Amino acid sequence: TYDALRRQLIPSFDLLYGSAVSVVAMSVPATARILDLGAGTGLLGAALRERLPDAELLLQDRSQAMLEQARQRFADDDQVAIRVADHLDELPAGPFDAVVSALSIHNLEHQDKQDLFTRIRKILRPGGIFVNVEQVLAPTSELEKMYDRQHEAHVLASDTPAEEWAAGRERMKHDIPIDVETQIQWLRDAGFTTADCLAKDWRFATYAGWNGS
């Protein structure tokens, strides 16, 4: 029901979440330590667990209500832990092989995003990876309208309940997105040696930074 609704609301769900899982699996060992930042109900963590049965997952979010859904999802998983913390709070020490996030960091002020990327690099092993599945802003107001039309086209084609899309729109009024190339450059500024946009469907993109490679 919830997982079904996320697919209705998010264009190219399988491509974007799948790209995050694939780039992690090609970058870290089977026994990787992975932090999911803003894990919510643990959808990205769940996608990673499907590919990496031996990975240790730490799911972090500020919302206990969202993390209760993650606890239920991972009830029988002995290699999953949960941490309640804001992105702006001290990160867990790690070190981590991967830090991943989906549709969470766009909630922060731009300065706090730039600082967060730097703080993430500090808890990554050398050669570690940061991956973000993100809601991104178009580089112009005219393109932003086209991004919006493409998002709405997916939502309508997916037979999304009108009430859930209306609720989606209200949530998006408080979002602080920026264009994908600005954020990717912030990874370079944070001291990641490589940063790339792996996959994109207009408003939604999967990008990554590597801590040494």
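Start at 1 with the first residue shown and count on from there.
Chemist: Taking the recorded C-alpha temperature factors, which stretch has the higher mean, 33 to 41 or 156 to 164?
Modeler: Taking the mean B-factor of the alpha carbons in each, 156 to 164 is higher.
Chemist: On average, which has the higher Cα B-factor in the deposited entry, 4 to 12 or 202 to 210?
Modeler: On average, C-alpha B-factors are higher across 4 to 12.
Chemist: Identify, among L103, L88, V136, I120, the residue whose C-alpha carries the highest B-factor in the deposited PDB entry.
Modeler: Most elevated C-alpha B-factor of the set, per the entry: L88.
Chemist: Rank-wise, by C-alpha B-factor, drop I82 into the lowest, middle or highest third of its chain.
Modeler: It falls in the middle third of the chain.
Chemist: Going by the recorded CA B-factors, say which third of the chain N107 sits in, lowest, middle or highest.
Modeler: Ranked within chain, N107 CA B lands in the highest tercile.
Chemist: Once the chain's modelled residues are ordered by C-alpha B factor and cut into thirds, is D54 in the lowest, middle or highest one?
Modeler: Highest third - that is where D54 ends up once the chain's C-alpha B-factors are sorted.
Chemist: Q69's Cα B-factor: lowest, middle or highest third of the chain?
Modeler: Its C-alpha B-factor, which the entry lists for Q69, ranks in the highest third among residues of this chain.
Chemist: When the deposited Cα B-factors of this chain's modelled residues are ordered and cut into thirds, is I176 in the lowest, the middle or the highest one?
Modeler: Highest third.
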